[PDB]
Amino acid sequence: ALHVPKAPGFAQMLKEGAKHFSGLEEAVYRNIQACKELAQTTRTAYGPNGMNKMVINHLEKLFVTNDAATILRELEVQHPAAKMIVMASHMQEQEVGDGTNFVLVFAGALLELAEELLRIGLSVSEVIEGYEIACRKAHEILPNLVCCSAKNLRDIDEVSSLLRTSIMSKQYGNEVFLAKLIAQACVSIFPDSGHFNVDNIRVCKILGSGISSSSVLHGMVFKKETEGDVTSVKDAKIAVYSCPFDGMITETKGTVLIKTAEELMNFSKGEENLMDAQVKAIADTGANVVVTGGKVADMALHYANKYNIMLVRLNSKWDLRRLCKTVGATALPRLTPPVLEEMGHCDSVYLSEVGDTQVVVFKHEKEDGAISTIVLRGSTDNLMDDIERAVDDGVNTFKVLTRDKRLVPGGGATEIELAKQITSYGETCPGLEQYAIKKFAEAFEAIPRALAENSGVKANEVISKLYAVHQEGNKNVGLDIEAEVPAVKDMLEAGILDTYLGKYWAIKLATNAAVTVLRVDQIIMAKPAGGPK
Amino acid sequence: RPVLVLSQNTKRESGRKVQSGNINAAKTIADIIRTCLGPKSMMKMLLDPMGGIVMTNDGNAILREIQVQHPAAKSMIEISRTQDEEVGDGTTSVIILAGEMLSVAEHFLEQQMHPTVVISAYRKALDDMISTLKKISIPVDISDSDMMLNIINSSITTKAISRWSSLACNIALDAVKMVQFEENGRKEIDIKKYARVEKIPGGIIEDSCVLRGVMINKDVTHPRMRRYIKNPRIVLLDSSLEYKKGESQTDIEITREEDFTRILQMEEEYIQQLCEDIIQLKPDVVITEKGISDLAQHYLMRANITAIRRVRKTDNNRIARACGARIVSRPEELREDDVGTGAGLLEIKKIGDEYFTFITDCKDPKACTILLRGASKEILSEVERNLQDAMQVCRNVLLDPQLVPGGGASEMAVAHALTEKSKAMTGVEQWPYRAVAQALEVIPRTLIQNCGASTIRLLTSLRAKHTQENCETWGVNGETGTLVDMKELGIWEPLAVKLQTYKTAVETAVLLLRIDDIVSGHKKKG
Amino acid sequence: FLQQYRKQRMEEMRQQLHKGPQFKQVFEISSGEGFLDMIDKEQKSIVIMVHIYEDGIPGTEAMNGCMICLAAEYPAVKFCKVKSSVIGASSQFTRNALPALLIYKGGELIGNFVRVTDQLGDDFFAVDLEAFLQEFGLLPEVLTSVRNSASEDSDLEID
Amino acid sequence: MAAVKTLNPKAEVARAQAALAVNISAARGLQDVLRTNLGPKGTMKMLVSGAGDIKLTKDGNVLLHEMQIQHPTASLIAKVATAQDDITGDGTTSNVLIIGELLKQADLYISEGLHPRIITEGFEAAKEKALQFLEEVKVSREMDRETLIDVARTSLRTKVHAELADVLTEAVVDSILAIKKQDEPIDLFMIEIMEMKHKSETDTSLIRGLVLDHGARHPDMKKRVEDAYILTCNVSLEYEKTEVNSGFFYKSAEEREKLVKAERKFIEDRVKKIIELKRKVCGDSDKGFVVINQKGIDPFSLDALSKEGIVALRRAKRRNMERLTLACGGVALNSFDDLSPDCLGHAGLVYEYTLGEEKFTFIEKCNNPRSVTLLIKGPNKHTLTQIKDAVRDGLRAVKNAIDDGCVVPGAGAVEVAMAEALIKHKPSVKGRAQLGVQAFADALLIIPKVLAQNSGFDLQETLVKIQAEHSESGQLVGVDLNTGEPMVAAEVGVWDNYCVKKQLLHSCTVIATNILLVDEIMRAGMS
Ligand SMILES: Nc1ncnc2c1ncn2[C@@H]1O[C@H](COP(=O)(O)OP(=O)(O)O)[C@@H](O)[C@H]1O
Ligand SMILES: Nc1ncnc2c1ncn2[C@@H]1O[C@H](COP(=O)(O)OP(=O)(O)O)[C@@H](O)[C@H]1O
Ligand SMILES: Nc1ncnc2c1ncn2[C@@H]1O[C@H](COP(=O)(O)OP(=O)(O)O)[C@@H](O)[C@H]1O
Ligand SMILES: [Mg+2]
Ligand SMILES: [Mg+2]
Ligand SMILES: [Mg+2]
């Protein structure tokens, strides 16, 4: 009478390291608690007043940022429910590019209120049904909350104003300058054709002179040097070769068979003459810059130097295609001279020196092209990485604007209006789903509450003021950050707007993650064993 | 430091203790499978060291999965394997008999009788047992299919397949009959090589059947091949239909520009020549034990020929036997005789989620495939074991058409005859003779025990019944525990199985009786 | 879909019918000097595989059965087993190096696999470990009735 | 202790009633775990593997495989369920439940000193009677679209959420009707299942064509072709080394250049044949040319093909040869020795979709595609896996419904009717096998019991209501999972595959009979 044996049946047959969680209080509440913990550990980095977090991964690499997706990626999350919510956040990042913190906060609040509903007596199925109905109602309501539209994407000032809000949460202190840079870079890209490619915006990080000295370049910058002695070309005629700058050889086996002395004494001379002829044929087509994807032979380099040809060696083939796209050339497979149509033209190619880094710059004087490079300066690698993440957020916001031009007010105004409307709708519906609908509406309060908490003011007073104003009839009113007391102001007048499509996708993904977590009733975890990766 | 004659790990024991240990180990081996005999036997679950599960009630299948340290038990297991391989039936009976004779020999070894006298008495009793069995046997007309089916049924009433008895009996009889071959004045059955049993989990057991041909788990090499041919002409090959290196080192030396292209064109032309040699015989199906090149596939398909590659050698031999073909290595030596005509249908159909190739309408085939479809893998393995037992019994009857009454009737009759013979020796070896004669009653005893009836009353009644004149066929009903004549119940066994059981049991007893010393621990020294 | 290895199932089926007489067991080394004088002894041209294990650790019995099947199929190789504690391994070996595949050839190591659970699994089959060993070319390249082998006087005739 | 332990001291043996107790306990544990899976109202289980992969499932087979159990009887039940899923594709949870309840009911009588042999005899007699009843109760109906829709819903609602179940039902029924040929067995290899990870679960649909997981490997390839000629080939368009160890021998740089130029004449000739065919079939820019190759294409041939406006794909799946020949209507070629326009398929639209680092190629607007594809779209990997398993189950159910000429009412109605018939037939069976027949009937009654329990009602009251209604009216009445009152399953549209029911009966009876007869679990392969 000193030990409790394992119950007969499944309990005994379970493996030594396996874990079995079943029922409501042993599985659902534990999953909800884990998701709440994840939401709590990410909450403080929300909004313009969000705080960066120093995250060190298992490889001792240091990340400092307030991007929720990056923070979740760099955290070794082990709980399966938190893993699912992180997957939802990553899907939101992939689909849109901004709103990951919103997804996580909304999912956490939804699961918290779901636990509360389950405690008061509601069932899992009824909670899920109410959440789905309320999500459908929110998706129906959302288009009516649209304030204005982009109505122009070729204007630098309009695009900068639109993109300021997206990169205002990150790098709150200096967002106008970054907005102008990203606007110029995006407007250079995005030609008359409606398609916009995010990959066409390149970012180069050069250390030394602070982020305020960053600049946008209509072209490409490579952190390399020139093989030859020519280091500056003013009327470049780039010829791009996917083959090494060397005489091509066979593929089975190359064996030189010598049977007479004359062949032995003439082989090297003939090879040199052939290489000289090939290089001179390349040069006679007006080419003065040659970019190769392979190695550069000594003889080829010498003969290129003789004819004043600038040699650049790009090892990575992604950079090769990017250069072909930005200059307007074709990567030749052989060392033949390039035909007129295959010749790439860049207005100026030169070897420069920024900070202490040797770079080769393909520069276009025209304010257009296919690929634009943002040269990021700074005084720390981590700071430059954070600025690059902000630039990525801005570019993704521009891409979303190209996809859909509708905008909704930010600063929690959209969330508060959605909460009010869904709460009003929930009164009409009878049955047990009204509680779930009201809880779904109340889960929208976590966004203005998080903003108020991060801004340093009382969240309850801000929420009450927002409800009072929205009940009056002003549906475009959010909290004012630049205030020491709880205050609200019009978001439309202040220009604090976020994309409608991003909010739509974020709400959908958060609701799906919450209901998917709720549907789980039993957990059968295998023994962890090993598997570091 | 120490000096020894033998090695340190060499352990030796001898005397009455060794004989007692050997006999105890044999009795333990017998007791392991004692309850797995008779129509009312219960199955056993065996866990393989590899993780597999064997669920059966066969003596050899149970015993081959047991690892033992006592060499007497190893001898008994080898005896079980010998009985299984020689005749295919009577595996539990021989083990039980060996245990009983060793027990009744231990009884005499406790006294002052030398083991050699017991062995001589055992050999004399074995000779008399053979004589009595040959005397009480009856002939069988192999032409009568009903009698053969009844024999197979009596053979498989004690296995898990007995619930589907007519189907299993017909399958075994048909397979054995159609695998029978007679070439160059030599008669062979060859159940081991041909008549392959292919089991596919799923379906119902009643859907199982024996095919008039061979089924293999292969699919056509290309989608545009025909998956259904009415009367195909089949050609079987060994060599690959692809360009391959020679044996000698044959490096080339290319100096002209066109030599590389010429080499490639010659490779393609060689493939085309091989395919043309195949096509010249105008076949419909080509089967190869090795790979077939894609270009070879195209050239064959241009002539509307279905090709299957990478078939096992055993499967190819079975196909050749079934469809009357001849395997040809070099395609240029193909003749009209080598082409296999006789297959009445070829079909590649889908079973579950896998493709299977059927050649299942052959006329006069010498090979077959038994298609087992059951609940799971273990059930199908047990069904395959039972079918193997049935086919072995059928082959034994076909080779020797002598028949012997079953259910312990033959053993009780032999015991009574041997006792009557012993009533006249008047020597000193008569006691072991009579003891080993009466030791045959263990199998009627265990039949009664498994039936659950009273052992003593039934055994006494049977022994009294066998003392009459014409009562050699009186045995025990295995599922009701009553004394019934076996010319009414119909349970009969082949004479070969009984002869092998008695010979093997008596010789095992002799072998383990001839031993009184055990030395162990020495290295193999090799 | 060539990764599914359809031949693996037929190879396992053929391995199930490996031998008739017995499954045989992996030799258990009882001492260190026994280990030394069996690795040093025997022909150097044969591959000797040594199995390192301790009782109770998971991931062992599966590879015991795998080596049993390999010894059944392969008569040349000399699969053997020995307790980890008997040799006297250190604490790190006894805590994170239980699965150890010691391969001997020519009197020296040619295969030194340890911590093979990630690359093999926990309940892997014989074919899986066979393929794993074949990945490095570690595997060297009828059924008699029972036996055949029975001075040097052979035969003559009349002369 | 026993004989084996005497012979092998390090052996584990369970003997006589011990074996029965162990087997029945294992079966009861498996049944207790898998009870909550049955029915659309069943709970969803989450499985985490050793590496940390998350899987959401409701299948009996999937749950069994990823359930950390190392039991012999559980292994036998898992093998039976695996065979059931392999052949029929449905009924795994019902299989496990029926086996467990058969063993429990048999134990109920065995614990009273009764021999298992009589129970097995009763089981086999009841199995024969139940098979006869199933033959006499099946609904032989014409498999029109509505019946297939009903069956597909009956499966997918049990597998996934209601709206996703409806979407998958439409997709599965449409795909099966698309690939089906009259009086010809349905080949399920012709329905390619592709997974995308960018949209919601409800965005999955059916493409009347083919979707490929690889795209063009040349940046200058056309990203969209309207009218496409499809060339399905299995010819290597990359450089191939000679089999007989050729090697090159030259004496000057000019000779080396000549040899380099002349070593590609074979592949250049094949590409020239392709280009000549393309120029012959389409002399304008209206019709595009698409080449799908099972083997790789080197950059030189890729550039040569792209210069002619030809989009080319390489390293295609082996089954894609048959899929494209059946969908586009062309002829798969293993060599360009004699190629004509009659070997070219047609595709009314070919475009490429880019998703992350993966490039997908779409082939729509075919004339009468005999092979279609199912695009699985979801925000999560586990969602994709669950939808794929549900689609497999639904496809198997629809194929079974098409194959058999009949369909059996579900919702536990057929099991209740079988139990009633077995109870009626019990007096006919002689001997003490009547107890086995009664145990078989009670075991068959597990399905409505578990359905009612999962729906939230009480087993006994609901079961007696169903039985009383069936006895009074004679209609095949089953459990209504929303109200609990009996409903005519045929009228509502709750259909079960007849082959699934027959396989369930056969396999469950066989495995229960074989397990009940085991009297010794043994493990002596060591030492
Ligand atoms: N100047 C501002 N004043 C008030 N609220 C702001 C301001 N700028 C941004 N926000 C709010 O911050 C939110 C953006 O939070 P953010 O940190 O970008 O999360 P995520 O990266 O997940 O989108 C928006 O919903 C917006 O309403
Ligand atoms: N219906 C029956 N009634 C009585 N005895 C039977 C019956 N059927 C078979 N037997 C006996 O059972 C024995 C077969 O048992 P079995 O399980 O095959 O053991 P073994 O494999 O050693 O022959 C035969 O010797 C036969 O005499
Ligand atoms: N909408 C429904 N109403 C009533 N009964 C249903 C409904 N859908 C399914 N069922 C019944 O519930 C059972 C579901 O079994 P299922 O979970 O598919 O087990 P398995 O996966 O082993 O086939 C079926 O036998 C069916 O008769
Ligand atoms: Mg943001
Ligand atoms: Mg027998
Ligand atoms: Mg189902």
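What counts, and where the lines are drawn
Residues numbered from 1 in each chain as written, not as in the entry; some residues may be left out. Chains lettered and ligands numbered in written order. Part of a larger assembly, values for the part shown. Heavy atoms only, no water. Residues with missing side-chain atoms left out of burial classes, pairs and counts. Axes fitted to C-alpha atoms, helices over the stretch in contact; angles between N-to-C directions. Helix = DSSP H or I, 4+ residues; strand = E, 2+ residues; numbered from the N terminus. Parallel < 35°, antiparallel > 145°, perpendicular 65-115°, else oblique. Left-handed = near helix turned anticlockwise from the far one by under 90°. Contact = heavy atoms within 4.5 Å. Nonpolar A, V, L, I, M, F, W, Y, C, P; charged D, E, K, R; others polar. Expected span 1.5 Å × (residues − 1). Buried < 20%, exposed > 50% of the residue type's maximum accessible area, 1.4 Å probe, protein only. UniProt positions renumbered as here; feature names shortened; annotations may be inferred. Near = heavy atom within 4 Å. Polar contact = N/O pair within 3.5 Å; in protein donor to acceptor, adjacent residues only side chain to side chain. Areas by Shrake-Rupley, 256 points an atom, 1.4 Å probe, with all protein chains shown as cover.

- Per the deposited record, cryo-EM is how this structure was determined, to a resolution of 3.0 Å.

## Examining the packing of helix 14 (residues 413-425) of chain D against helix 17 (residues 459-473) of chain D
Residue and element names in this part refer to chain D.
Turning to step 1, where the next piece is worked out: Taken N-terminus to C-terminus, the directions of helix 14 and helix 17 make an angle of 70 degrees; their axes are 10 Å apart at the nearest point. Between helix 14 and helix 17, the angle falls in the class roughly perpendicular. Between helix 14 and helix 17 lies a crossing whose hand is right-handed. In this structure, helix 14 uses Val416, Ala417 and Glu420 to contact helix 17, whose residues at the interface are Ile466, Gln467, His470 and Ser471.
Turning to step 2, where the next piece is worked out: The class makeup of the residues in the contact of helix 14 with helix 17 is three nonpolar, three polar and one charged.

## Observations concerning the environment of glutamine 475 of chain D
Residues and elements named next belong to chain D.
Turning to step 1, where the next piece is worked out: Structurally, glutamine 475 is set in the loop between helix 17 and strand 18 (477-479).
Turning to step 2, where the next piece is worked out: For the pair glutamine 475 and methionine 487, spaced 12 residues apart in sequence, the C-alpha separation works out to 9.0 Å.
Turning to step 3, where the next piece is worked out: With near-sequence residues (within four places) excluded, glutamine 475 lies in contact with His470 and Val488.

## Thoughts on helix 7 (residues 165-179) of chain B
All names here are of chain B.
Turning to step 1, where the next piece is worked out: Helix length check: helix 7, at 15 residues, gives a terminal C-alpha distance of 21 Å against a target of 21 Å (1.5 Å per residue), a fit within 8%.
Turning to step 2, where the next piece is worked out: Listed in full, the buried residues belonging to helix 7 are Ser165, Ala168, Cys169, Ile171, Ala172, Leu173, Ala175, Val176, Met178 and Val179.
Turning to step 3, where the next piece is worked out: Structurally, helix 7 contributes buried residues whose contacts are with helix 6 (145-156), strand 5 (181-183), strand 6 (186-188), strand 8 (209-210), strand 16 (369-374) and helix 11 (377-399).

## Observations regarding the UniProt feature "binding site: Mg(2+)" in chain D
Residue and element names in this part refer to chain D.
Turning to step 1, where the next piece is worked out: If you check UniProt for "binding site: Mg(2+)", the listed places come out as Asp90 in our numbering.
Turning to step 2, where the next piece is worked out: Relative to the helices and strands, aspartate 90 is located in the loop between helix 4 (72-87) and helix 5 (92-110).
Turning to step 3, where the next piece is worked out: Note on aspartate 90: relative accessible area 21%, which makes it partly exposed.
Turning to step 4, where the next piece is worked out: Contacts of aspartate 90, omitting those with residues within four sequence positions, involve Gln84, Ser155 and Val500.

## Some words on the site of ligand 2
All names here are of chain B.
Turning to step 1, where the next piece is worked out: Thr92, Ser93, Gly407, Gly478 and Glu493 are the nearest of the 19 residues found near ligand 2.
Turning to step 2, where the next piece is worked out: Contact distances for ligand 2 include 3.2 Å between an oxygen atom and a backbone N or O atom of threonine 91.
Turning to step 3, where the next piece is worked out: Backbone polar atom of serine 93 to an oxygen atom of ligand 2: 2.6 Å apart, as the coordinates give it.
Turning to step 4, where the next piece is worked out: Within the complex, the protein chains bury 95% of what would otherwise be the 570 Å² of accessible surface of ligand 2.
Turning to step 5, where the next piece is worked out: Of all the elements, helix 4 (residues 91-110) adds the most residues to the shell around ligand 2, at three residues.
Turning to step 6, where the next piece is worked out: Taken together, the residues that form the shell around ligand 2 break down as six nonpolar, 10 polar and three charged.

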